[PDB]
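J.: Before anything else, here's the structure in question.
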Amino acid sequence: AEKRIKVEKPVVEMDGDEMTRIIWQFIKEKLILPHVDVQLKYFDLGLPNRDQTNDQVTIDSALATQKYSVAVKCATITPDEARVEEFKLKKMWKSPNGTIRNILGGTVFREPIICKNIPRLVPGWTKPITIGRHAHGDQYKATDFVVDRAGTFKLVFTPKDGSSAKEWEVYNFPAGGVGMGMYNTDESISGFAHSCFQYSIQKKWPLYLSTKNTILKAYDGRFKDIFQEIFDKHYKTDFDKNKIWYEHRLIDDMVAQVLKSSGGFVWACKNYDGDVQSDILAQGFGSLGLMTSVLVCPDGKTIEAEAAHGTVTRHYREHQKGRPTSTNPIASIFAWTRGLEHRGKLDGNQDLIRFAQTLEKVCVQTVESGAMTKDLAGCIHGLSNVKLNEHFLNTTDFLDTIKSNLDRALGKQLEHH
Amino acid sequence: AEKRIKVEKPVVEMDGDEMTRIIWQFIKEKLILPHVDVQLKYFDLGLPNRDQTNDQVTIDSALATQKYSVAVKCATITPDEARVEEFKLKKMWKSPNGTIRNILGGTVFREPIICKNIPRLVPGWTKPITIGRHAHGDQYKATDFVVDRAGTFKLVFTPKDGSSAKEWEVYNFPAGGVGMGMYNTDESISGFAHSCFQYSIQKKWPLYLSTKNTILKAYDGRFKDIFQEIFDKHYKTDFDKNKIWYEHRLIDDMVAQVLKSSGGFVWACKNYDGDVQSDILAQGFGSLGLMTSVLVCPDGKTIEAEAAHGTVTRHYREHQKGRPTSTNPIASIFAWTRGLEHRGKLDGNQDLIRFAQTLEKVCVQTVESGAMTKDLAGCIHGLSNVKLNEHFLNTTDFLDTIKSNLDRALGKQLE
Ligand SMILES: [Mg+2]
Ligand SMILES: [Mg+2]
């Protein structure tokens with residue numbers, strides 16, 4: 001290609017774990033840095049460094065993302081019991097996404113990456129669906145415990161001004177059990193709502209906020225109340241103007257509608273439902289690998305693009321020994337592209353935005369032309385009916401095909417001006 | 001059946017609301033009692049009577065279910081803001097299904113009804129899938145509240161044996177917000193697990209418990225642990241004998257893995273997940289109306305077979321104005337059959353069991369042959385390519401067709 005595109009402001013990079021960390025490197029080397037001059041603020045969120053720093057690098061990386069307004073994040077391991085044994089960890093550390101999302105706040109938007117030849121497990125979904133997952137609070141900022149004896153679990157609220165304290169007896173445990181408490185601010189639900197309406201306007205689509213307000217009257221009612229209050233006060237005229245609507249729905253009614261519908265709408269979820277229902281969407285549209293994830297913070301400027309799927313552990317065992325693999329890198333690629341795309345919007349850099357979009361176009365077209373990794377070929381032909389270099393190809397070979405197609409596609413650009 | 005089938009012990013009947021209430025008494029009058037002599041213990045759980053009794057009749061029906069060990073429940077209204085204006089209720093009463101499940105406890109087993117002519121929205125699922133929803137606790141017995149000003153929200157556990165009281169600060173509120181707290185006992189999780197393992201063995205299918213124990217390490221971890229403890233102590237040897245397995249899984253891995261698979265397993269969900277994921281299975285397998293729902297208590301004897309779908313109001317307004325409707329009653333019929341089928345198995349009554357099966361086989365065959373309601377027609381032809389008395393029948397007509405086919409099927413049996 002020509003001279004590299006000069007990016008004025010920096011971009012935070014959060015490095016990942018095991019096999020997603022290796023393809024992360026090959027993406028920077030072959031696709032990003034050859035075409036883009038960018039100042040990269042590095043943070044290693046790999047599990048070894050998190051252990052060494054005591055999960056402090058996770059906090060510092062989030063604070064850096066607040067400062068420079070853009071981050072890109074590779075996939076990381078949230079450690080279980082076996083991982084503490086393997087990595088010799090001093091503590092079973094909490095989810096780094098949880099720590100970051102709590103600090104930044106806002107709304108995780110998730111939508112599928114549409115490859116026209118990839119078959120859908122849900123034939124009904126002709127148009128694409130976007131989830132707006134609430135990034136803060138609920139189960140991901142909870143306080144849970146085990147009860148080993150008889151006792152009285154209660155909630156207590158002590159006002160700051162000094163008026164008398166309120167109390168609620170949750171349960172008198174007769175013997176052993178478990179208990180937990182969670183929360184959410186009005187502020188975070190407001191910023192969550194603003195994000196979902198504004199995205200619903202920009203997309204020219206309707207919005208649906210699912211809750212379970214019939215059971216949790218005070219808690220889930222506050223979601224429905226704040227959404228309806230903001231809709232009718234700010235975006236009522238704009239939805240009517242654009243031939244679209246906002247509605248609430250019951251969560252168990254909603255998941256039936258979605259599976260039955262043709263699609264083509266925004267779907268606002270609470271924190272927990274966003275996690276569960278977005279992995280249904282992804283898999284229904286074709287594959288877990290084909291999905292984006294962009295945490296849009298309430299301030300309007302800040303984002304954290306990231307790899308949707310988890311780390312590929314079994315494929316990492318092969319790369320240690322020096323053997324080939326076939327791991328789909330497209331999620332990691334799109335995390336980079338959406339990071340640069342938003343970097344460009346913030347600075348008015350038109351070349352950077354068009355580069356990002358061109359790379360997204362290429363990744364799709366490459367798969368559409370029958371060049372793909374094993375997991376995507378398994379969607380088409382069946383998982384045990386595919387040969388090496390015939391139906392699918394290796395991970396670095398697939399990246400080399402994208403590298404090649406990117407240069408070709410960038411060749412058709414500028415030459416016609 | 002010139003003489004009816006006698007039933008030694010009683011059955012509890014919980015009457016419902018609006019349109020299902022109408023088709024409930026249709027089923028009682030012309031489908032059940034003509035062929036079965038069964039002493040029913042009537043409890044009206046309609047919303048007007050629940051207001052009359054301060055939701056006490058709801059409790060009374062549960063205590064009756066404990067005594068006689070079988071219940072059948074029509075669909076009821078969980079009232080919202082709009083219902084308190086309409087019915088002029090004194091208080092916005094809580095869910096009667098919530099109140100009953102809390103008192104009885106156990107595992108709500110939900111599985112689809114397979115009609116071969118109905119298409120599935122998930123082509124992958126060749127074989128059927130049974131969810132085992134946990135009946136008790138979690139969000140359904142939660143204390144939740146709104147926060148109007150700044151303050152410190154904390155939890156407190158005060159041991160009864162006089163040991164040290166523990167406290168956890170949850171959050172220090174700057175502005176307003178919301179907070180809640182919930183619980184679950186170890187005994188509830190045991191009976192839940194046992195019920196799931198016994199059903200998984202009797203089906204000869206593998207079991208999968210799903211949790212989010214990476215995040216809620218203590219709470220969801222307790223489920224993972226108790227299931228695994230009970231498996232290895234009691235059931236591992238019988239699972240191995242029938243070529244089946246138990247496995248834990250992460251919830252967001254499970255929902256992907258289920259949709260990808262071709263079914264044929266038992267899926268043990270927690271209380272909240274079972275509510276949501278059962279509607280995905282139902283809708284995906286064909287339609288919300290083609291779903292059974294049987295609460296199976298920890299003791300093994302007691303059950304409560306309920307109507308899965310809600311009491312759809314759209315159609316009830318047409319009925320009140322004289323016009324015909326097209327609601328699917330098959331759910332409500334299966335509530336009866338599964339009640340009677342269990343009533344028969346408890347008492348050793350082979351005739352009652354055969355009858356219950358015959359009616360289920362009739363409901364399926366009736367749809368498979370061609371006769372069906374509007375919503376089941378819409379699954380095949382689409383919702384706006386359907387003709388009244390061509391592609392579908394009325395609610396009244398459909399029930400008379402089932403009554404006819406039941407009588408002819410029963411009339412063929414005696415030979
Ligand atoms: Mg996930
Ligand atoms: Mg439900």
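Identifiers in this document derive from the order of the structure tokens: chains are assigned A, B, ..., residues are numbered from 1 separately in each chain, and ligands are numbered from 1 in order of occurrence.
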Would you kindly report the residues of chain A within 6 Å of chain B, using only C-alpha atoms, as a PyMOL selection string?

T.: chain A and resi 122+144-146+150-160+170+176-186+218-219+252+256+276+279-280+283

J.: Go through chain A residue by residue and, counting only C-alpha atoms and all ligand atoms, keep those with an atom at most 10 Å from ligand 1; for each kept residue give the shortest atom pair and its distance in Å to one decimal, ordered by chain and increasing number, as JSON lines.

T.:
{"residue": "A:272", "atom": "CA", "partner": "ligand 1", "partner_atom_place_in_ligand_line": "1 (Mg)", "distance": 9.7}
{"residue": "A:274", "atom": "CA", "partner": "ligand 1", "partner_atom_place_in_ligand_line": "1 (Mg)", "distance": 8.4}
{"residue": "A:275", "atom": "CA", "partner": "ligand 1", "partner_atom_place_in_ligand_line": "1 (Mg)", "distance": 4.9}
{"residue": "A:276", "atom": "CA", "partner": "ligand 1", "partner_atom_place_in_ligand_line": "1 (Mg)", "distance": 6.4}
{"residue": "A:277", "atom": "CA", "partner": "ligand 1", "partner_atom_place_in_ligand_line": "1 (Mg)", "distance": 8.7}
{"residue": "A:278", "atom": "CA", "partner": "ligand 1", "partner_atom_place_in_ligand_line": "1 (Mg)", "distance": 7.1}
{"residue": "A:279", "atom": "CA", "partner": "ligand 1", "partner_atom_place_in_ligand_line": "1 (Mg)", "distance": 5.9}
{"residue": "A:280", "atom": "CA", "partner": "ligand 1", "partner_atom_place_in_ligand_line": "1 (Mg)", "distance": 9.5}
{"residue": "A:282", "atom": "CA", "partner": "ligand 1", "partner_atom_place_in_ligand_line": "1 (Mg)", "distance": 10.0}
{"residue": "A:288", "atom": "CA", "partner": "ligand 1", "partner_atom_place_in_ligand_line": "1 (Mg)", "distance": 9.2}
{"residue": "A:308", "atom": "CA", "partner": "ligand 1", "partner_atom_place_in_ligand_line": "1 (Mg)", "distance": 7.1}
{"residue": "A:309", "atom": "CA", "partner": "ligand 1", "partner_atom_place_in_ligand_line": "1 (Mg)", "distance": 6.8}
{"residue": "A:310", "atom": "CA", "partner": "ligand 1", "partner_atom_place_in_ligand_line": "1 (Mg)", "distance": 7.8}

J.: Where in region 15-221 of chain A does DSSP assign strand (DSSP E), given as an MDAnalysis selection string?

T.: chainID A and resid 15 36:37 40:44 70:73 107:110 130:134 143:147 151:159 166:173 177:185 207:211

J.: Please list as a VMD selection string every residue within 10 Å of residue 342 (chain A), counting only C-alpha atoms and excluding residues in the same chain fewer than 5 positions away.

T.: chain A and resid 69 to 71 301 to 305 337 347 to 349 352 to 353 356

J.: For region 45-52 of chain A, list every protein, DNA or RNA residue within 8 Å, evaluated using only C-alpha atoms, and leave out those in the same chain fewer than 4 positions away; present the list as a ChimeraX atom specification.

T.: /A:14-17,56-58,76-77,87,89-91,93,96

J.: In region 240-393 of chain B, what's alpha helix (DSSP H) per DSSP? Answer as a count of residues only?

T.: 81

J.: What separation in Å, quoted to one decimal, exists between CA of residue 401 (chain A) and CA of residue 361 (chain A)?

T.: 13.6 Å

J.: Rank nothing, just name the residue among B:320, B:210, B:61, B:292 nearest to ligand 2, using only C-alpha atoms and all ligand atoms.

T.: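 For ligand 2, the nearest of the given residues is B:292.
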
J.: Could you tell me how far CA of residue 306 (chain B) sits from CA of residue 32 (chain B), in Å to one decimal place?

T.: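 We find that CA of residue 32 (chain B) and CA of residue 306 (chain B) lie 16.1 Å from each other.
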
J.: Nearest to ligand 2 among B:71, B:82, B:386, B:308, with distances taken over only C-alpha atoms and all ligand atoms: which residue is it?

T.: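 When distances to ligand 2 are compared using only C-alpha atoms and all ligand atoms, the smallest one comes from B:308.
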
J.: What lies within 12 Å of residue 290 (chain A) using only C-alpha atoms, ignoring chain neighbours under 3 positions off, as a PDB file with N, CA, C and O atoms, in the first residue's frame?

T.:
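What follows is the written file selection24.pdb:
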ATOM      1  N   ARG A 110     -24.414  -5.540  20.845  1.00  0.00           N
ATOM      2  CA  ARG A 110     -24.016  -6.776  20.184  1.00  0.00           C
ATOM      3  C   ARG A 110     -24.913  -7.063  18.993  1.00  0.00           C
ATOM      4  O   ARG A 110     -26.137  -7.105  19.128  1.00  0.00           O
ATOM      5  N   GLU A 111     -24.291  -7.256  17.833  1.00  0.00           N
ATOM      6  CA  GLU A 111     -24.994  -7.617  16.605  1.00  0.00           C
ATOM      7  C   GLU A 111     -24.169  -8.623  15.802  1.00  0.00           C
ATOM      8  O   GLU A 111     -22.941  -8.625  15.891  1.00  0.00           O
ATOM      9  N   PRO A 112     -24.842  -9.487  15.021  1.00  0.00           N
ATOM     10  CA  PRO A 112     -24.133 -10.517  14.267  1.00  0.00           C
ATOM     11  C   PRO A 112     -23.405  -9.974  13.037  1.00  0.00           C
ATOM     12  O   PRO A 112     -23.764  -8.912  12.513  1.00  0.00           O
ATOM     13  N   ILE A 113     -22.390 -10.716  12.599  1.00  0.00           N
ATOM     14  CA  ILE A 113     -21.643 -10.420  11.383  1.00  0.00           C
ATOM     15  C   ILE A 113     -22.202 -11.332  10.293  1.00  0.00           C
ATOM     16  O   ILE A 113     -22.018 -12.552  10.345  1.00  0.00           O
ATOM     17  N   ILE A 114     -22.880 -10.735   9.312  1.00  0.00           N
ATOM     18  CA  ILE A 114     -23.658 -11.486   8.325  1.00  0.00           C
ATOM     19  C   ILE A 114     -22.788 -11.936   7.151  1.00  0.00           C
ATOM     20  O   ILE A 114     -22.362 -11.116   6.336  1.00  0.00           O
ATOM     21  N   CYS A 115     -22.532 -13.241   7.086  1.00  0.00           N
ATOM     22  CA  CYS A 115     -21.896 -13.878   5.934  1.00  0.00           C
ATOM     23  C   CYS A 115     -22.976 -14.633   5.167  1.00  0.00           C
ATOM     24  O   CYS A 115     -23.546 -15.593   5.692  1.00  0.00           O
ATOM     25  N   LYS A 116     -23.250 -14.207   3.934  1.00  0.00           N
ATOM     26  CA  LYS A 116     -24.423 -14.683   3.181  1.00  0.00           C
ATOM     27  C   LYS A 116     -24.461 -16.193   2.903  1.00  0.00           C
ATOM     28  O   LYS A 116     -25.546 -16.759   2.766  1.00  0.00           O
ATOM     29  N   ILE A 118     -23.148 -18.505   5.095  1.00  0.00           N
ATOM     30  CA  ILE A 118     -23.258 -19.200   6.397  1.00  0.00           C
ATOM     31  C   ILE A 118     -24.735 -19.480   6.728  1.00  0.00           C
ATOM     32  O   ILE A 118     -25.536 -18.539   6.777  1.00  0.00           O
ATOM     33  N   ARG A 120     -28.179 -20.301   8.770  1.00  0.00           N
ATOM     34  CA  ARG A 120     -28.734 -19.905  10.058  1.00  0.00           C
ATOM     35  C   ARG A 120     -29.433 -21.099  10.699  1.00  0.00           C
ATOM     36  O   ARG A 120     -30.128 -21.850  10.016  1.00  0.00           O
ATOM     37  N   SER A 278     -27.755 -12.823  23.936  1.00  0.00           N
ATOM     38  CA  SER A 278     -26.839 -12.491  22.831  1.00  0.00           C
ATOM     39  C   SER A 278     -26.097 -13.711  22.267  1.00  0.00           C
ATOM     40  O   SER A 278     -25.793 -13.745  21.077  1.00  0.00           O
ATOM     41  N   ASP A 279     -25.811 -14.699  23.114  1.00  0.00           N
ATOM     42  CA  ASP A 279     -25.209 -15.964  22.656  1.00  0.00           C
ATOM     43  C   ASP A 279     -26.214 -16.869  21.913  1.00  0.00           C
ATOM     44  O   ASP A 279     -25.805 -17.727  21.124  1.00  0.00           O
ATOM     45  N   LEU A 281     -28.694 -15.350  19.939  1.00  0.00           N
ATOM     46  CA  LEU A 281     -28.684 -14.617  18.667  1.00  0.00           C
ATOM     47  C   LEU A 281     -27.513 -15.048  17.792  1.00  0.00           C
ATOM     48  O   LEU A 281     -27.711 -15.505  16.667  1.00  0.00           O
ATOM     49  N   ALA A 282     -26.305 -14.917  18.333  1.00  0.00           N
ATOM     50  CA  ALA A 282     -25.074 -15.252  17.609  1.00  0.00           C
ATOM     51  C   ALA A 282     -25.146 -16.641  16.984  1.00  0.00           C
ATOM     52  O   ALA A 282     -24.961 -16.791  15.772  1.00  0.00           O
ATOM     53  N   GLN A 283     -25.439 -17.640  17.815  1.00  0.00           N
ATOM     54  CA  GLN A 283     -25.493 -19.034  17.371  1.00  0.00           C
ATOM     55  C   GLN A 283     -26.632 -19.272  16.379  1.00  0.00           C
ATOM     56  O   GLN A 283     -26.480 -20.053  15.436  1.00  0.00           O
ATOM     57  N   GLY A 284     -27.763 -18.603  16.596  1.00  0.00           N
ATOM     58  CA  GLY A 284     -28.897 -18.673  15.676  1.00  0.00           C
ATOM     59  C   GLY A 284     -28.612 -18.067  14.312  1.00  0.00           C
ATOM     60  O   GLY A 284     -29.073 -18.589  13.295  1.00  0.00           O
ATOM     61  N   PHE A 285     -27.854 -16.969  14.287  1.00  0.00           N
ATOM     62  CA  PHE A 285     -27.462 -16.327  13.028  1.00  0.00           C
ATOM     63  C   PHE A 285     -26.391 -17.097  12.249  1.00  0.00           C
ATOM     64  O   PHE A 285     -26.312 -16.955  11.027  1.00  0.00           O
ATOM     65  N   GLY A 286     -25.573 -17.899  12.934  1.00  0.00           N
ATOM     66  CA  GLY A 286     -24.599 -18.752  12.244  1.00  0.00           C
ATOM     67  C   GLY A 286     -23.508 -19.345  13.112  1.00  0.00           C
ATOM     68  O   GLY A 286     -23.232 -20.545  13.036  1.00  0.00           O
ATOM     69  N   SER A 287     -22.873 -18.497  13.918  1.00  0.00           N
ATOM     70  CA  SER A 287     -21.740 -18.906  14.752  1.00  0.00           C
ATOM     71  C   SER A 287     -21.452 -17.879  15.853  1.00  0.00           C
ATOM     72  O   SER A 287     -21.641 -16.676  15.650  1.00  0.00           O
ATOM     73  N   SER A 293     -18.943  -6.628  19.672  1.00  0.00           N
ATOM     74  CA  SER A 293     -19.223  -6.235  21.056  1.00  0.00           C
ATOM     75  C   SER A 293     -18.543  -4.902  21.364  1.00  0.00           C
ATOM     76  O   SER A 293     -17.316  -4.844  21.458  1.00  0.00           O
ATOM     77  N   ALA A 307     -13.445  -8.638  21.733  1.00  0.00           N
ATOM     78  CA  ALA A 307     -13.720  -9.960  21.189  1.00  0.00           C
ATOM     79  C   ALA A 307     -14.890 -10.560  21.962  1.00  0.00           C
ATOM     80  O   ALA A 307     -14.837 -10.654  23.189  1.00  0.00           O
ATOM     81  N   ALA A 308     -15.945 -10.949  21.244  1.00  0.00           N
ATOM     82  CA  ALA A 308     -17.172 -11.459  21.868  1.00  0.00           C
ATOM     83  C   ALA A 308     -16.948 -12.821  22.532  1.00  0.00           C
ATOM     84  O   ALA A 308     -17.153 -12.972  23.739  1.00  0.00           O
ATOM     85  N   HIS A 309     -16.512 -13.793  21.734  1.00  0.00           N
ATOM     86  CA  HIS A 309     -16.253 -15.162  22.212  1.00  0.00           C
ATOM     87  C   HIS A 309     -15.162 -15.230  23.287  1.00  0.00           C
ATOM     88  O   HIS A 309     -14.399 -14.280  23.478  1.00  0.00           O
ATOM     89  N   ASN A 328     -11.022 -19.118  14.197  1.00  0.00           N
ATOM     90  CA  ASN A 328     -11.592 -17.954  13.511  1.00  0.00           C
ATOM     91  C   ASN A 328     -11.173 -16.644  14.188  1.00  0.00           C
ATOM     92  O   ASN A 328     -11.523 -16.418  15.349  1.00  0.00           O
ATOM     93  N   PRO A 329     -10.433 -15.775  13.468  1.00  0.00           N
ATOM     94  CA  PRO A 329      -9.988 -14.512  14.050  1.00  0.00           C
ATOM     95  C   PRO A 329     -10.914 -13.310  13.812  1.00  0.00           C
ATOM     96  O   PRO A 329     -10.606 -12.226  14.298  1.00  0.00           O
ATOM     97  N   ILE A 330     -12.031 -13.497  13.104  1.00  0.00           N
ATOM     98  CA  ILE A 330     -12.852 -12.369  12.618  1.00  0.00           C
ATOM     99  C   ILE A 330     -13.385 -11.472  13.751  1.00  0.00           C
ATOM    100  O   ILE A 330     -13.466 -10.255  13.580  1.00  0.00           O
ATOM    101  N   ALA A 331     -13.722 -12.062  14.898  1.00  0.00           N
ATOM    102  CA  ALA A 331     -14.191 -11.287  16.064  1.00  0.00           C
ATOM    103  C   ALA A 331     -13.119 -10.333  16.584  1.00  0.00           C
ATOM    104  O   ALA A 331     -13.416  -9.180  16.908  1.00  0.00           O
ATOM    105  N   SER A 332     -11.885 -10.835  16.668  1.00  0.00           N
ATOM    106  CA  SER A 332     -10.718 -10.028  17.046  1.00  0.00           C
ATOM    107  C   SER A 332     -10.407  -8.929  16.014  1.00  0.00           C
ATOM    108  O   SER A 332      -9.977  -7.838  16.387  1.00  0.00           O
ATOM    109  N   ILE A 333     -10.628  -9.217  14.730  1.00  0.00           N
ATOM    110  CA  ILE A 333     -10.419  -8.237  13.652  1.00  0.00           C
ATOM    111  C   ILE A 333     -11.435  -7.099  13.753  1.00  0.00           C
ATOM    112  O   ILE A 333     -11.066  -5.926  13.664  1.00  0.00           O
ATOM    113  N   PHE A 334     -12.709  -7.453  13.927  1.00  0.00           N
ATOM    114  CA  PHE A 334     -13.788  -6.458  14.025  1.00  0.00           C
ATOM    115  C   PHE A 334     -13.687  -5.572  15.272  1.00  0.00           C
ATOM    116  O   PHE A 334     -14.116  -4.417  15.240  1.00  0.00           O
ATOM    117  N   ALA A 335     -13.133  -6.113  16.358  1.00  0.00           N
ATOM    118  CA  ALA A 335     -12.841  -5.324  17.563  1.00  0.00           C
ATOM    119  C   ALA A 335     -11.837  -4.206  17.275  1.00  0.00           C
ATOM    120  O   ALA A 335     -11.983  -3.092  17.782  1.00  0.00           O
ATOM    121  N   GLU A 360     -13.721  -4.519   7.195  1.00  0.00           N
ATOM    122  CA  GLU A 360     -14.950  -5.243   7.540  1.00  0.00           C
ATOM    123  C   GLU A 360     -15.573  -5.883   6.296  1.00  0.00           C
ATOM    124  O   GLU A 360     -15.907  -7.067   6.314  1.00  0.00           O
ATOM    125  N   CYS A 363     -13.320  -8.975   5.193  1.00  0.00           N
ATOM    126  CA  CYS A 363     -13.500 -10.160   6.052  1.00  0.00           C
ATOM    127  C   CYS A 363     -14.761 -10.957   5.710  1.00  0.00           C
ATOM    128  O   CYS A 363     -14.744 -12.189   5.729  1.00  0.00           O
ATOM    129  N   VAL A 364     -15.842 -10.243   5.398  1.00  0.00           N
ATOM    130  CA  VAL A 364     -17.099 -10.863   4.977  1.00  0.00           C
ATOM    131  C   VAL A 364     -16.893 -11.530   3.611  1.00  0.00           C
ATOM    132  O   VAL A 364     -17.084 -12.741   3.473  1.00  0.00           O
ATOM    133  N   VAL A 367     -14.948 -14.798   3.385  1.00  0.00           N
ATOM    134  CA  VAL A 367     -15.719 -15.964   3.834  1.00  0.00           C
ATOM    135  C   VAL A 367     -16.778 -16.331   2.790  1.00  0.00           C
ATOM    136  O   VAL A 367     -16.992 -17.515   2.517  1.00  0.00           O
ATOM    137  N   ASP A 375     -14.083 -24.012  11.919  1.00  0.00           N
ATOM    138  CA  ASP A 375     -15.373 -23.815  12.599  1.00  0.00           C
ATOM    139  C   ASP A 375     -16.476 -23.251  11.691  1.00  0.00           C
ATOM    140  O   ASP A 375     -17.636 -23.648  11.813  1.00  0.00           O
ATOM    141  N   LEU A 376     -16.108 -22.339  10.788  1.00  0.00           N
ATOM    142  CA  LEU A 376     -17.048 -21.781   9.802  1.00  0.00           C
ATOM    143  C   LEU A 376     -17.385 -22.768   8.676  1.00  0.00           C
ATOM    144  O   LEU A 376     -18.491 -22.734   8.135  1.00  0.00           O
ATOM    145  N   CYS A 379     -20.052 -25.222   9.959  1.00  0.00           N
ATOM    146  CA  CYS A 379     -21.415 -24.702   9.794  1.00  0.00           C
ATOM    147  C   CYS A 379     -22.022 -25.105   8.445  1.00  0.00           C
ATOM    148  O   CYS A 379     -23.218 -25.382   8.370  1.00  0.00           O
TER     149      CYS A 379
END

J.: Would you compute the distance between CA of residue 20 (chain A) and CA of residue 313 (chain A)? Give it in Å to one decimal.

T.: 9.0 Å

J.: I need the residue nearest residue 375 (chain B) from this list: B:62, B:118, B:402, B:12. Use only C-alpha atoms for the distance.

T.: B:118

J.: Give one line per residue of chain A that approaches ligand 2 to at most 12 Å, naming the two atoms of the closest pair and their distance in Å to one decimal, counting only C-alpha atoms and all ligand atoms; sort by chain then ascending residue number and deliver it as JSON lines.

T.:
{"residue": "A:212", "atom": "CA", "partner": "ligand 2", "partner_atom_place_in_ligand_line": "1 (Mg)", "distance": 10.2}
{"residue": "A:214", "atom": "CA", "partner": "ligand 2", "partner_atom_place_in_ligand_line": "1 (Mg)", "distance": 11.5}
{"residue": "A:215", "atom": "CA", "partner": "ligand 2", "partner_atom_place_in_ligand_line": "1 (Mg)", "distance": 11.7}
{"residue": "A:250", "atom": "CA", "partner": "ligand 2", "partner_atom_place_in_ligand_line": "1 (Mg)", "distance": 9.1}
{"residue": "A:251", "atom": "CA", "partner": "ligand 2", "partner_atom_place_in_ligand_line": "1 (Mg)", "distance": 8.4}
{"residue": "A:252", "atom": "CA", "partner": "ligand 2", "partner_atom_place_in_ligand_line": "1 (Mg)", "distance": 5.1}
{"residue": "A:253", "atom": "CA", "partner": "ligand 2", "partner_atom_place_in_ligand_line": "1 (Mg)", "distance": 7.4}
{"residue": "A:254", "atom": "CA", "partner": "ligand 2", "partner_atom_place_in_ligand_line": "1 (Mg)", "distance": 10.3}
{"residue": "A:255", "atom": "CA", "partner": "ligand 2", "partner_atom_place_in_ligand_line": "1 (Mg)", "distance": 10.0}
{"residue": "A:256", "atom": "CA", "partner": "ligand 2", "partner_atom_place_in_ligand_line": "1 (Mg)", "distance": 9.8}
